[PDB]
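A.B. asks: The structure that follows is given in the form of structure tokens.
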Amino acid sequence: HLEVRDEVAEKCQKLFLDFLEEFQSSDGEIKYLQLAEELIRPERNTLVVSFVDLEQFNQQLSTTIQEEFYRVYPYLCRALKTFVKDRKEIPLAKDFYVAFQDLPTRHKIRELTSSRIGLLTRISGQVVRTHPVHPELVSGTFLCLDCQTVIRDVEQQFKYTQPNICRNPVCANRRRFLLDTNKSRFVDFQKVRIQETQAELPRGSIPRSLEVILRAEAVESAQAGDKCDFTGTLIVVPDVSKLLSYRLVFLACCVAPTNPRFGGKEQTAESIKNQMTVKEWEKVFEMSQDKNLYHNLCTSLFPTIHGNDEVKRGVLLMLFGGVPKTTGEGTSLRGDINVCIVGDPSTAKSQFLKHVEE
Amino acid sequence: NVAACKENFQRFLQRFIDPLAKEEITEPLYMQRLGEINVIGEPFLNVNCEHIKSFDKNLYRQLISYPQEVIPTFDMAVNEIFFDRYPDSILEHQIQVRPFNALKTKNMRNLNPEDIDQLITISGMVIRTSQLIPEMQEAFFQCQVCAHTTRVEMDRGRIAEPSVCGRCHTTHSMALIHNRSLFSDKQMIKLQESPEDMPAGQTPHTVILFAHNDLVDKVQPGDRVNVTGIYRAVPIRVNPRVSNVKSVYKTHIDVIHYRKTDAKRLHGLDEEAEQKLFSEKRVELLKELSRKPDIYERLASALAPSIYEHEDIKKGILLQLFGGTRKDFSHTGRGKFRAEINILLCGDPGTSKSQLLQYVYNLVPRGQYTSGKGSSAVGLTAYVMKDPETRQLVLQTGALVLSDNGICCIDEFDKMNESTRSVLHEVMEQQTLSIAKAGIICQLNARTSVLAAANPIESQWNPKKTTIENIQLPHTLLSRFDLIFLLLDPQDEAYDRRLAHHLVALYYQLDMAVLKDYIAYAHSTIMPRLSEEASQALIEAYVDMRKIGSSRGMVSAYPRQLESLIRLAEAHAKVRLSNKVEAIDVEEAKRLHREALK
Ligand SMILES: [Zn+2]
Ligand SMILES: [Zn+2]
């Protein structure tokens, strides 16, 4: 009569809860007990566990995540609701989300077959559109109507799903329940569309595209025109009008830029002079103190262009930019300079432009 | 019907001998195929369902008449004759069987309803494909009371719900869990009958094919295939609500086997892994033919064996089929570097220009043929169409991007108003295309190579004017070409006589597979790198070109030409497999560049 132990899920929940506490950084000082500190102030509800460290601390586990990532996701999030009760100031009905990152092996939008649903993959692409953010109902609390009881903790699956059984032997409406909406559990939900990156296009082909669904505190990381790198699971989705026809959808959990120009983590002189690694800052100083700098940026930016010494200088002064000012009335002075080139055929015009744009 | 057929098929698979030749008697033909399947991956067995017509005639009736109740038997009866190599190599998926036919069987217009659900072969030209579509195989239910998860199979072609929890018995509590079930793939493709084999004065049809699990992405739009597969017809419903189905069914084709034998063309660039699949008997032939002192003039003179002499134009159009090296300039931040050659043919009428385009277009695979007035600015590169269903603007590809590996023959080059002519400036020099329209901001790229043909202004080459006035093209467009062939041909009483004597002969009555394979080889395993003796003849060859082209007023020379020489020089070295550019490979491709404008 009583429910069944989904053992492969609960054993994994247990080992993950253990890993969260035992794993420590280079100097003891358990690291997922300090990143999980800011997880209490409002608006933060995603802990970002690296996946390579879960490889160090354990390996009979990684092969369970990376193969059942959809079965065992509803448990790797409860095992974060218990690990964070040691703060006592979280609202008791608040819920948290685990977000992996730094998977070893990548994939391509054309390798996303139907033999990959329910697993843990990683995808790179561009971003074309971004719809608006919405709430989405994860677990409704149906206020019963005749019993005036509360049927509780009913999970939706892509529809409203209207659970129809009451634990009251006298429930006059097994087809009528008015759910409340001030106790139920909502999560943000944004749906964007990504397009195959440029360096993967097979020659003579139009680029494919798919729908990714950001569903957490991660809800406005990706904007249009960016080249993010999503890491979640591929799922199938019905056609809810007739609830068949199925269509593939990517269900991302983490999203990060594909190649960070500064590998630390991603706005004045000091905020940036903080992130400068020792060699970075001992080199920038060396350059700023360099004499004849104004001739070693030209010779080092356009190394394959003989002559036109009066054009490279202008291009540099265009790259550095002037000071943008705002008059008190409300107008504004232009801060950056514009530059036009005009010349005979084959005089290295498009070469300056290609240099600057690359 | 089931046991009686595997026993009759194993025999065929074991004892069969043919009066034929394969891969350039070794009796165990299909046993040798089955051995190759074991020494490598790829668990598919391409059986010809005509060999089974010689060995037998009472299975060849039951394979093309009950193909879906037979082909499983043809899989099982192959798994067991895999006993020889059972212990040696143990792959995982299964072994397969794929009947086909060397020659077509029907058209797209003579498919009759006595042929529903029986093996059928047609041929066409794939137009467009679609993205993958899942398709359920094994359901996965779960109760809300007992939380017990049964896994029912789809056997007949529908999924049935159990309605009784094996533990709690609530008589309907078993929901369907989607993302815990098992799916397979399915793609939708559209054929189009070839121009040959269609009736008098009619328009091509289309036929919808459905691919499946493993054939799911084995074909591209623009390919000519011989699809073989069952022919089915399924009902449709007038409402998506009621069960009132129509009475006129709707047909498609569950494909089973492709075949892209394009011997009328060369080798497309899907067969670079297949170049390692050359008989070592053939590499000797190629390397030895590449040693004769004139293999250049011996291959060139074998292009289009119907044009008269025109000796230089065939040289240029032969070097265009190899192209310079593909160097990797990502480090120098320069960008990329074009490696293909653009050729322009200008000359007074009757001189057989359009015949050369019509010949090349029919030789190279992945090509196009365009004209002057019947092509617009956006139709050549990329347009934006209001997609009909979703009512959204979506991007599409023109002609200069569909070629992308091959040649884009543009006849009637003069008669294109200057708007649609200034579009080629990007795609023919940088090998790119930057689009910025309503919602689409992207950057395509292609590896095409134009081959254009024009007429002089006034359509008559009058020698009173200067060479830069009979062509009447700008300089920012004439420099993107690197071989401007001026077919200056008058009424030479000797030339006309020889040509007529040649043309009449076509009314009474080297190989290809040497050229068709020499080209694949010389593409696969060659990369000419310059030298220091060659590089020292390339500097002066550009310092003289300036003084020459400056005065005459014919066609000036800009530094871009100095790159073209490279493009030409290297392309010559590839002809003889020399893998290293030396002096003579610059003198040849300099004499070619000079003796075309005279
Ligand atoms: Zn009730
Ligand atoms: Zn049950």
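Throughout, chain B uses Swiss-Prot numbering, with the displayed residues spanning 158-181, 188-672, 682-770 in order.
This entry, so its header tells us, was determined using electron microscopy, 6.8 Å.
Each residue, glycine too, has its Cβ placed from N, Cα and C.
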A.B. asks: Can you check which of B:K163, B:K220, B:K413, B:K746 Swiss-Prot annotates as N6-acetyllysine?
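C.D. replies: Annotated as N6-acetyllysine in Swiss-Prot: B:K220.
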A.B. asks: Quick one: which of B:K179, B:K269, B:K450 has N6-acetyllysine in Swiss-Prot?
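C.D. replies: Of B:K179, B:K269, B:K450, Swiss-Prot lists B:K450 as: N6-acetyllysine.
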A.B. asks: Taking B:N376, B:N618, B:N625 as the options, which does Swiss-Prot list with B:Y471, B:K516, B:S517 at the ATP 2 site?
C.D. replies: B:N618
A.B. asks: Given that Swiss-Prot annotates B:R497, B:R732, B:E735 as binding ATP 1, state which candidate in B:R400, B:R404, B:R643 belongs to that site as well.
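C.D. replies: Looking at B:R400, B:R404, B:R643, the one Swiss-Prot places in the ATP 1 site next to B:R497, B:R732, B:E735 is B:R643.
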A.B. asks: Do you know which of B:434-437, B:642-645, B:763-766 Swiss-Prot annotates as motif 'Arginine finger'?
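C.D. replies: Spelled out, Swiss-Prot records motif 'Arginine finger' over residues B:642-645, not the other listed ranges.
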A.B. asks: Of the residues B:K439, B:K499, B:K536, B:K762, which is given the SUMO2 cross-link tag by Swiss-Prot?
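C.D. replies: Cross-referencing B:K439, B:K499, B:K536, B:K762 with Swiss-Prot, SUMO2 cross-link lands on B:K439.
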A.B. asks: Please report the number of other Cβ atoms within 10 Å of the Cβ of B:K516 (ATP 2 binding site).
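C.D. replies: Taking every protein chain into account, the count is 22.
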A.B. asks: What does DSSP say about B:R497 (ATP 1 binding site): helix, strand or coil?
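C.D. replies: Coil, per DSSP.
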A.B. asks: Going along the chain, which residues six or more apart from B:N618 (ATP 2 binding site) have their CB under 8 A from its CB?
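C.D. replies: Set apart from B:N618 (ATP 2 binding site) by at least 6 residues yet with Cβ under 8 Å, we have B:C509, B:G510, B:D511, B:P512, B:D577.
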A.B. asks: Check each residue in the chain of B:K450 (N6-acetyllysine) that is at least six apart in sequence and keep those whose C-beta is under 8 Å from its C-beta; list them in sequence order.
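C.D. replies: Once residues fewer than 6 apart are set aside, B:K450 (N6-acetyllysine) is near B:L749.
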A.B. asks: Going along the chain, which residues at least six beyond the ends of the motif 'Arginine finger' (B:642-645) come within the CB cut-off of under 8 Å?
C.D. replies: 504-507, 587-588, 591-592, 613, 615, 730, 732-733, 736, 739-740, 765
A.B. asks: For B:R732 (ATP 1 binding site), just count the other CB atoms lying within 10 A of its CB, please.
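C.D. replies: Looking across every protein chain shown, the total is 14.
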A.B. asks: Out of the recorded positions B:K220, B:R497, B:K516, B:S517, B:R732, which are near chain A, with a C-beta less than 8 A away from one of its C-betas?
C.D. replies: B:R497, B:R732
A.B. asks: Within 10 angstroms of the C-beta of B:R497 (ATP 1 binding site), what count of other C-beta atoms is obtained when all protein chains are considered?
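C.D. replies: B:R497 (ATP 1 binding site) is surrounded by 14 other Cβ atoms within 10 Å.
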